[PDB]
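Asker: my complex, part one, positions kept as in the full thing:
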Amino acid sequence: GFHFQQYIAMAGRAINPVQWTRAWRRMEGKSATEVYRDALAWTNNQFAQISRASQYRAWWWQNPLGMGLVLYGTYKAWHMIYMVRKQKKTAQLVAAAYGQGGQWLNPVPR
């Protein structure tokens, strides 16, 4: 893993509306195949940088588990930021519709 700060900055630029107009202008004379190939090439460049530079270079976060810990941290951040938020919303929804635990209730007895 690497360039997390650059990724945050990319997300910021993406949400900035002015960049929406800039991208609208850049998309003049452009194809979906070209856009897809460019994105795929960017991702491949990132992963190739990793594969090459891990052989001789060590980041500030280097540890006896290597990039496994950084990847687990990315996963855990994604989890706590998105999935647990969705769980909170679903919990409030279920509590308003059926009551807390309503989705695990037993079938009506016959």
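Answerer: Noted; the coordinates are in hand. Numbers count the residues shown, from 1 in each chain, chains lettered A, B, ... in the order given.
Asker: from now on I want contacts and neighbour counts done on CA atoms only, so please keep to that.
Answerer: OK.
Asker: check which helix or strand the most centrally placed residue in chain A maps to.
Answerer: Nearest to the geometric centre of chain A sits residue A:78, at 6.3 Å (Cα atoms, centre = their mean). Using DSSP states H and E, the element containing residue A:78 is helix A:67-78.
Asker: show me where chain A has helices.
Answerer: Secondary structure of chain A by DSSP state H: the helices cover A:4-15, A:17-26, A:32-53, A:67-78, A:84-97.
Asker: which parts of stretch A:62-79 are buried?
Answerer: Applying a neighbour-count criterion of 16 or more other Cα atoms under 10 Å, one finds A:67, A:70 buried in stretch A:62-79.
Asker: give me the distance between that stretch and the centre of its chain.
Answerer: 14 Å (Cα atoms, centre = their mean, to the nearest Å).
Asker: so which of the helices of chain A is nearest residue A:106?
Answerer: Residue A:106 sits nearest to helix A:84-97 of all these, at 15.3 Å, using Cα to Cα.
Asker: put chain B onto that model:
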Amino acid sequence: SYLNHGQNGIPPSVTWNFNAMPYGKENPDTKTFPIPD
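Answerer: With chain B now in place:
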């Protein structure tokens, strides 16, 4: 003459309510015959 100074119908003789209906998975007040599996 004061016997007719105040007869629509009558008060109900009996009443039925929702809490009188039985409920329960084990309560035998709801079991007549076993339901097939």
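Asker: any idea of the angle the helix holding residue A:78 forms with helix A:4-15?
Answerer: Per axes from the mean of the first three to the mean of the last three Cα atoms, to 10 degrees, the angle that helix A:67-78 makes with helix A:4-15 is 30 degrees.
Asker: for helix A:67-78, name the packing helices and strands.
Answerer: Under the contact definition 3 or more Cα pairs under 8 Å, 6 or more residues apart in numbering or on different chains; DSSP states H and E, helix A:67-78 sits against no other helix or strand.
Asker: for residue B:18, the count of nearby residues, please.
Answerer: Close neighbours of residue B:18, defined as other Cα atoms under 10 Å in any protein chain shown, add up to 6.
Asker: how many neighbours does residue 23 have?
Answerer: Because you didn't say which chain, this covers chain A. Applying other Cα under 10 Å, we find 12 residues neighbouring residue A:23.
Asker: wrong chain, I was asking about chain B
Answerer: 12.
Asker: who's in contact with it?
Answerer: Residue B:23 makes contacts with B:29-30, as judged by Cα atoms under 8 Å, 6 or more residues apart in numbering or on different chains.
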